[PDB]
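**Student:** Coordinates in final09.tsv, TSV, C-alpha atoms and all ligand atoms, are listed below.
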```tsv
chain	number	residue	atom	x	y	z
A	1	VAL	CA	-28.35	108.15	112.52
A	2	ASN	CA	-25.00	109.62	111.45
A	3	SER	CA	-21.52	109.96	112.96
A	4	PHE	CA	-21.54	113.69	113.77
A	5	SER	CA	-20.80	114.11	117.49
A	6	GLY	CA	-21.12	116.90	120.03
A	7	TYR	CA	-23.39	119.23	118.04
A	8	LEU	CA	-26.01	121.51	119.55
A	9	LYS	CA	-29.36	121.17	117.78
A	10	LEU	CA	-30.75	124.54	116.65
A	11	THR	CA	-33.76	123.40	114.58
A	12	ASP	CA	-35.20	120.26	113.01
A	13	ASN	CA	-32.31	120.19	110.53
A	14	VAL	CA	-29.51	122.59	111.62
A	15	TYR	CA	-26.80	121.64	114.11
A	16	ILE	CA	-23.82	123.70	115.31
A	17	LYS	CA	-20.45	123.11	117.01
A	18	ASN	CA	-17.27	125.03	117.87
A	19	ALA	CA	-14.81	123.11	115.69
A	20	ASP	CA	-12.12	123.27	113.01
A	21	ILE	CA	-13.81	122.07	109.82
A	22	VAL	CA	-10.56	120.48	108.61
A	23	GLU	CA	-10.25	118.30	111.71
A	24	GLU	CA	-13.99	117.54	111.69
A	25	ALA	CA	-13.85	116.38	108.07
A	26	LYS	CA	-10.79	114.21	108.72
A	27	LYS	CA	-12.59	112.58	111.66
A	28	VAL	CA	-16.06	112.17	110.13
A	29	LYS	CA	-15.18	111.75	106.44
A	30	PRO	CA	-18.64	113.10	105.57
A	31	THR	CA	-20.30	112.54	102.24
A	32	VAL	CA	-20.15	116.30	101.58
A	33	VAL	CA	-17.90	118.99	103.02
A	34	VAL	CA	-18.70	122.56	101.97
A	35	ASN	CA	-15.89	124.91	100.97
A	36	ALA	CA	-16.23	128.68	101.32
A	37	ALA	CA	-15.07	129.23	97.74
A	38	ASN	CA	-14.55	132.22	95.48
A	39	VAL	CA	-15.56	132.30	91.81
A	40	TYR	CA	-12.02	131.46	90.65
A	41	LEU	CA	-11.65	128.53	93.07
A	42	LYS	CA	-8.42	130.15	94.31
A	43	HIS	CA	-8.14	128.58	97.75
A	44	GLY	CA	-5.86	131.04	99.49
A	45	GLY	CA	-7.15	131.68	103.00
A	46	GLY	CA	-9.91	131.14	105.49
A	47	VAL	CA	-11.72	127.83	105.20
A	48	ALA	CA	-10.67	127.38	101.57
A	49	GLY	CA	-6.98	127.81	102.31
A	50	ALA	CA	-7.29	125.40	105.23
A	51	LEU	CA	-9.17	122.70	103.32
A	52	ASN	CA	-6.76	122.94	100.40
A	53	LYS	CA	-3.67	122.75	102.62
A	54	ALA	CA	-5.08	119.60	104.23
A	55	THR	CA	-5.33	118.02	100.74
A	56	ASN	CA	-1.65	118.79	100.05
A	57	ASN	CA	-2.80	121.19	97.26
A	58	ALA	CA	-4.71	118.46	95.38
A	59	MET	CA	-7.89	120.52	95.78
A	60	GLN	CA	-6.21	123.47	94.04
A	61	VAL	CA	-4.87	121.30	91.20
A	62	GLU	CA	-8.33	119.84	90.57
A	63	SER	CA	-9.90	123.30	90.83
A	64	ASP	CA	-7.52	124.84	88.30
A	65	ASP	CA	-8.50	122.18	85.77
A	66	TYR	CA	-12.19	122.82	86.53
A	67	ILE	CA	-11.81	126.58	85.88
A	68	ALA	CA	-9.76	126.06	82.72
A	69	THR	CA	-12.61	123.95	81.33
A	70	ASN	CA	-15.69	125.73	82.68
A	71	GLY	CA	-14.72	129.28	83.60
A	72	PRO	CA	-15.55	130.97	86.89
A	73	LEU	CA	-18.51	130.21	89.09
A	74	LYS	CA	-21.23	132.76	89.81
A	75	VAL	CA	-21.49	134.49	93.16
A	76	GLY	CA	-24.23	132.46	94.83
A	77	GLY	CA	-23.33	129.38	92.78
A	78	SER	CA	-21.51	126.13	93.41
A	79	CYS	CA	-19.84	123.10	91.92
A	80	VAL	CA	-19.27	119.56	93.19
A	81	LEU	CA	-15.66	118.34	93.10
A	82	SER	CA	-13.71	115.64	94.90
A	83	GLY	CA	-13.46	115.66	98.67
A	84	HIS	CA	-9.93	114.21	98.42
A	85	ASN	CA	-8.80	112.86	101.82
A	86	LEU	CA	-11.42	114.90	103.71
A	87	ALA	CA	-14.83	113.76	102.39
A	88	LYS	CA	-16.38	111.92	99.48
A	89	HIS	CA	-17.28	115.22	97.78
A	90	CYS	CA	-16.53	118.89	98.27
A	91	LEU	CA	-19.34	121.31	97.46
A	92	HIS	CA	-17.58	124.58	96.59
A	93	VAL	CA	-20.11	127.34	97.36
A	94	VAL	CA	-19.52	131.03	96.61
A	95	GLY	CA	-21.09	133.34	99.16
A	96	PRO	CA	-20.90	137.08	98.53
A	97	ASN	CA	-17.67	138.71	99.75
A	98	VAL	CA	-18.67	141.97	101.43
A	99	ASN	CA	-15.04	143.09	101.29
A	100	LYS	CA	-15.54	143.07	97.48
A	101	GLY	CA	-18.86	144.97	97.61
A	102	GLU	CA	-20.97	141.95	96.63
A	103	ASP	CA	-24.71	141.85	97.28
A	104	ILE	CA	-25.45	140.26	100.66
A	105	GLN	CA	-28.84	139.26	99.23
A	106	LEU	CA	-26.90	136.61	97.31
A	107	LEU	CA	-26.24	134.77	100.59
A	108	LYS	CA	-29.65	133.08	100.40
A	109	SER	CA	-28.92	131.88	96.86
A	110	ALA	CA	-25.59	130.51	98.10
A	111	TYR	CA	-27.25	128.51	100.89
A	112	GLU	CA	-29.85	127.12	98.44
A	113	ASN	CA	-27.07	124.97	96.97
A	114	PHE	CA	-27.04	122.98	100.22
A	115	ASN	CA	-30.57	121.69	99.50
A	116	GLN	CA	-29.18	119.47	96.72
A	117	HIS	CA	-27.46	117.29	99.36
A	118	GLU	CA	-29.18	115.33	102.12
A	119	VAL	CA	-26.42	115.85	104.72
A	120	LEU	CA	-23.49	118.31	104.77
A	121	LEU	CA	-20.64	119.49	106.98
A	122	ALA	CA	-20.34	123.22	106.35
A	123	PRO	CA	-19.02	126.61	107.52
A	124	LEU	CA	-21.11	129.75	107.84
A	125	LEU	CA	-21.14	131.22	104.35
A	126	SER	CA	-19.74	134.74	103.88
A	127	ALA	CA	-18.42	134.77	107.47
A	128	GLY	CA	-14.79	135.19	108.49
A	129	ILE	CA	-12.67	136.87	105.83
A	130	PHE	CA	-15.71	137.22	103.52
A	131	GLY	CA	-16.79	140.06	105.82
A	132	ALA	CA	-20.47	139.35	106.53
A	133	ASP	CA	-22.18	139.28	109.93
A	134	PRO	CA	-22.07	135.64	111.12
A	135	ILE	CA	-25.29	136.03	113.13
A	136	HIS	CA	-27.03	137.01	109.90
A	137	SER	CA	-25.41	134.14	108.02
A	138	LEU	CA	-26.62	131.61	110.60
A	139	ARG	CA	-30.10	133.13	110.33
A	140	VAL	CA	-30.08	132.81	106.54
A	141	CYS	CA	-28.81	129.24	106.84
A	142	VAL	CA	-31.62	128.22	109.20
A	143	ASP	CA	-34.25	129.96	107.05
A	144	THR	CA	-32.96	128.54	103.72
A	145	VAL	CA	-31.42	125.09	104.19
A	146	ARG	CA	-33.94	122.26	104.57
A	147	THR	CA	-31.49	119.35	104.40
A	148	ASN	CA	-29.39	118.27	107.38
A	149	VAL	CA	-26.51	120.69	107.93
A	150	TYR	CA	-23.76	120.36	110.54
A	151	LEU	CA	-22.13	123.78	111.00
A	152	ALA	CA	-18.54	124.08	112.22
A	153	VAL	CA	-17.68	127.47	113.77
A	154	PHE	CA	-13.92	127.85	114.27
A	155	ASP	CA	-13.99	130.74	116.77
A	156	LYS	CA	-15.14	129.69	120.25
A	157	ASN	CA	-16.10	133.24	121.24
A	158	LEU	CA	-18.21	133.63	118.09
A	159	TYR	CA	-19.82	130.22	118.58
A	160	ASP	CA	-20.96	131.18	122.09
A	161	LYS	CA	-22.33	134.45	120.72
A	162	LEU	CA	-24.08	132.54	117.93
A	163	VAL	CA	-25.67	130.09	120.37
A	164	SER	CA	-26.61	132.68	122.99
A	165	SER	CA	-28.06	135.05	120.37
A	166	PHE	CA	-29.93	132.39	118.37
A	167	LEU	CA	-33.67	132.95	118.12
A	201	LIG	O1	-16.98	131.57	107.21
A	201	LIG	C1	-15.74	131.01	107.36
A	201	LIG	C2	-15.43	130.72	108.87
A	201	LIG	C3	-15.36	132.01	109.73
A	201	LIG	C4	-14.63	131.80	111.07
A	201	LIG	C5	-14.37	133.08	111.86
A	201	LIG	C6	-14.36	132.63	113.32
A	201	LIG	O2	-14.98	131.37	113.37
A	201	LIG	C7	-15.43	131.00	112.11
A	201	LIG	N1	-14.19	129.94	108.94
A	201	LIG	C8	-13.98	128.67	109.37
A	201	LIG	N2	-15.02	127.95	109.93
A	201	LIG	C9	-14.77	126.67	110.35
A	201	LIG	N3	-13.64	126.01	110.30
A	201	LIG	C10	-12.60	126.70	109.75
A	201	LIG	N4	-11.33	126.24	109.57
A	201	LIG	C11	-10.55	127.23	109.00
A	201	LIG	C12	-11.35	128.32	108.79
A	201	LIG	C13	-12.69	128.03	109.27
```
Represent the structure of the file as structure tokens.
**Tutor:**
Amino acid sequence: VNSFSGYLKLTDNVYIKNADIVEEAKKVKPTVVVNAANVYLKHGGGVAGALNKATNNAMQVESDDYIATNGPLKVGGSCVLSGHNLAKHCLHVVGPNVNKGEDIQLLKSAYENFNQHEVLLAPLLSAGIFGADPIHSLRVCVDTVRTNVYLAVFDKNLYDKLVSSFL
């Protein structure tokens, strides 16, 4: 039993809700919140901009030190950093950004990072400003993640389409 509330169950391990991931994290304080990161950990917009703003830019400060030491992530890769005031940990995961021409096949690799954590609060990878089809992203999530994932979908209209179109 965990403290996630109001989710629709899609499969044995995937749950979904129309919610703002920032507000969900502040309420639940999950062990792991997933950020929709880029390889430079430059948290400008979308989920990343929102999570960082909620940390008063502490996420960006920590991320800049991480990059200075380690260099950029790979598309499809991840790193674990602090969750600041939102969660114990933040798993920064880089899905492919279709608006950069990146290979959508890398979306499965991106979701594989979730399997290293027993329970996660997460967005749909490569959705929103990353330019991928969210229905496809949800499909890849369900077919790749085996650990317990609680998906927050910001847009109510998209959420309803995701639920009603889910196979
Ligand atoms: O893939 C990133 C998704 C895409 C959007 C497009 C419409 O709904 C989902 N973004 C987010 N999902 C959940 N919480 C969020 N808070 C701020 C941004 C955000």
**Student:** Please check which protein, DNA or RNA residues sit within 10 Å of ligand LIG 201 (chain A), counting all atoms listed in the file, and write them as a ChimeraX atom specification.
**Tutor:** /A:17-25,35-37,45-51,95,121-134,137,151-159
**Student:** Now that the selection is made, can you save its residues with C-alpha atoms as a PDB file, keeping the file's coordinate frame?
**Tutor:**
```pdb
ATOM      1  CA  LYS A  17     -20.450 123.110 117.010  1.00  0.00           C
ATOM      2  CA  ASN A  18     -17.270 125.030 117.870  1.00  0.00           C
ATOM      3  CA  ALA A  19     -14.810 123.110 115.690  1.00  0.00           C
ATOM      4  CA  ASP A  20     -12.120 123.270 113.010  1.00  0.00           C
ATOM      5  CA  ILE A  21     -13.810 122.070 109.820  1.00  0.00           C
ATOM      6  CA  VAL A  22     -10.560 120.480 108.610  1.00  0.00           C
ATOM      7  CA  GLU A  23     -10.250 118.300 111.710  1.00  0.00           C
ATOM      8  CA  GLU A  24     -13.990 117.540 111.690  1.00  0.00           C
ATOM      9  CA  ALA A  25     -13.850 116.380 108.070  1.00  0.00           C
ATOM     10  CA  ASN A  35     -15.890 124.910 100.970  1.00  0.00           C
ATOM     11  CA  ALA A  36     -16.230 128.680 101.320  1.00  0.00           C
ATOM     12  CA  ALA A  37     -15.070 129.230  97.740  1.00  0.00           C
ATOM     13  CA  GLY A  45      -7.150 131.680 103.000  1.00  0.00           C
ATOM     14  CA  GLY A  46      -9.910 131.140 105.490  1.00  0.00           C
ATOM     15  CA  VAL A  47     -11.720 127.830 105.200  1.00  0.00           C
ATOM     16  CA  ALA A  48     -10.670 127.380 101.570  1.00  0.00           C
ATOM     17  CA  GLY A  49      -6.980 127.810 102.310  1.00  0.00           C
ATOM     18  CA  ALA A  50      -7.290 125.400 105.230  1.00  0.00           C
ATOM     19  CA  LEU A  51      -9.170 122.700 103.320  1.00  0.00           C
ATOM     20  CA  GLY A  95     -21.090 133.340  99.160  1.00  0.00           C
ATOM     21  CA  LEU A 121     -20.640 119.490 106.980  1.00  0.00           C
ATOM     22  CA  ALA A 122     -20.340 123.220 106.350  1.00  0.00           C
ATOM     23  CA  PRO A 123     -19.020 126.610 107.520  1.00  0.00           C
ATOM     24  CA  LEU A 124     -21.110 129.750 107.840  1.00  0.00           C
ATOM     25  CA  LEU A 125     -21.140 131.220 104.350  1.00  0.00           C
ATOM     26  CA  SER A 126     -19.740 134.740 103.880  1.00  0.00           C
ATOM     27  CA  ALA A 127     -18.420 134.770 107.470  1.00  0.00           C
ATOM     28  CA  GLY A 128     -14.790 135.190 108.490  1.00  0.00           C
ATOM     29  CA  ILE A 129     -12.670 136.870 105.830  1.00  0.00           C
ATOM     30  CA  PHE A 130     -15.710 137.220 103.520  1.00  0.00           C
ATOM     31  CA  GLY A 131     -16.790 140.060 105.820  1.00  0.00           C
ATOM     32  CA  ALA A 132     -20.470 139.350 106.530  1.00  0.00           C
ATOM     33  CA  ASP A 133     -22.180 139.280 109.930  1.00  0.00           C
ATOM     34  CA  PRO A 134     -22.070 135.640 111.120  1.00  0.00           C
ATOM     35  CA  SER A 137     -25.410 134.140 108.020  1.00  0.00           C
ATOM     36  CA  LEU A 151     -22.130 123.780 111.000  1.00  0.00           C
ATOM     37  CA  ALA A 152     -18.540 124.080 112.220  1.00  0.00           C
ATOM     38  CA  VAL A 153     -17.680 127.470 113.770  1.00  0.00           C
ATOM     39  CA  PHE A 154     -13.920 127.850 114.270  1.00  0.00           C
ATOM     40  CA  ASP A 155     -13.990 130.740 116.770  1.00  0.00           C
ATOM     41  CA  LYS A 156     -15.140 129.690 120.250  1.00  0.00           C
ATOM     42  CA  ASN A 157     -16.100 133.240 121.240  1.00  0.00           C
ATOM     43  CA  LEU A 158     -18.210 133.630 118.090  1.00  0.00           C
ATOM     44  CA  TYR A 159     -19.820 130.220 118.580  1.00  0.00           C
TER      45      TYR A 159
END
```
**Student:** Of the candidates A:40, A:4, A:111, A:166, which one gets nearest to residue 26 of chain A if we count only C-alpha atoms?
**Tutor:**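 Among A:40, A:4, A:111, A:166, it is A:4 that comes nearest to residue 26 of chain A.
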**Student:** Which of these residues is nearest to residue 145 of chain A, using only C-alpha atoms: A:110, A:80, A:163, A:104?
**Tutor:** A:110
**Student:** Atom CA of residue 117 of chain A to atom CA of residue 92 of chain A: how many Å, to one decimal?
**Tutor:** 12.6 Å
**Student:** Go through A:94, A:41, A:86, A:120 and flag the residue nearest residue 66 of chain A, using all atoms listed in the file for the distances.
**Tutor:**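 That would be A:41, the residue with the smallest distance to residue 66 of chain A.
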**Student:** With all atoms listed in the file as the basis for distance, which of A:143, A:118, A:69, A:84 is at the shortest distance from residue 11 of chain A?
**Tutor:**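 Of the candidates, the smallest distance to residue 11 of chain A is held by A:143.
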**Student:** Could you give me, as a Markdown table, a per-residue list for segment 80-160 of chain A showing, wherever an atom lies at most 9 Å from an atom of segment 72-76 of chain A, the closest pair of atoms and their distance in Å to one decimal, using all atoms listed in the file and sorting by chain then residue number from low to high?
**Tutor:**
```
| residue | atom | partner | partner_atom | distance |
| --- | --- | --- | --- | --- |
| A:93 | CA | A:76 | CA | 7.0 |
| A:94 | CA | A:76 | CA | 5.2 |
| A:95 | CA | A:76 | CA | 5.4 |
| A:96 | CA | A:75 | CA | 6.0 |
| A:97 | CA | A:75 | CA | 8.7 |
| A:102 | CA | A:75 | CA | 8.2 |
| A:106 | CA | A:76 | CA | 5.5 |
| A:107 | CA | A:76 | CA | 6.5 |
| A:108 | CA | A:76 | CA | 7.8 |
| A:109 | CA | A:76 | CA | 5.1 |
| A:110 | CA | A:76 | CA | 4.0 |
| A:111 | CA | A:76 | CA | 7.8 |
| A:112 | CA | A:76 | CA | 8.6 |
| A:113 | CA | A:76 | CA | 8.3 |
```
**Student:** Have a look at atom CA of residue 12 of chain A and atom CA of residue 81 of chain A and let me know their distance in Å, one decimal.
**Tutor:**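 About the pair atom CA of residue 12 of chain A and atom CA of residue 81 of chain A: they are 28.0 Å apart.
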**Student:** Calculate how many Å separate atom CA of residue 38 of chain A from atom CA of residue 161 of chain A, rounding to one decimal.
**Tutor:**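 Between these atoms lies a distance of 26.5 Å.
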**Student:** Quick one: of A:103, A:119, A:67, A:162, who's nearest to residue 150 of chain A, counting only C-alpha atoms?
**Tutor:**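 Counting only C-alpha atoms, the residue closest to residue 150 of chain A is A:119.
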**Student:** Compare A:14, A:34, A:39, A:87 by their minimum atom-to-atom distance to residue 64 of chain A, counting all atoms listed in the file, and give me the closest one.
**Tutor:** A:39
**Student:** For residue 3 of chain A, work out the shell of residues within 10 Å, counting all atoms listed in the file and skipping chain neighbours fewer than 6 positions away, then give it as a PyMOL selection string.
**Tutor:** chain A and resi 27-30
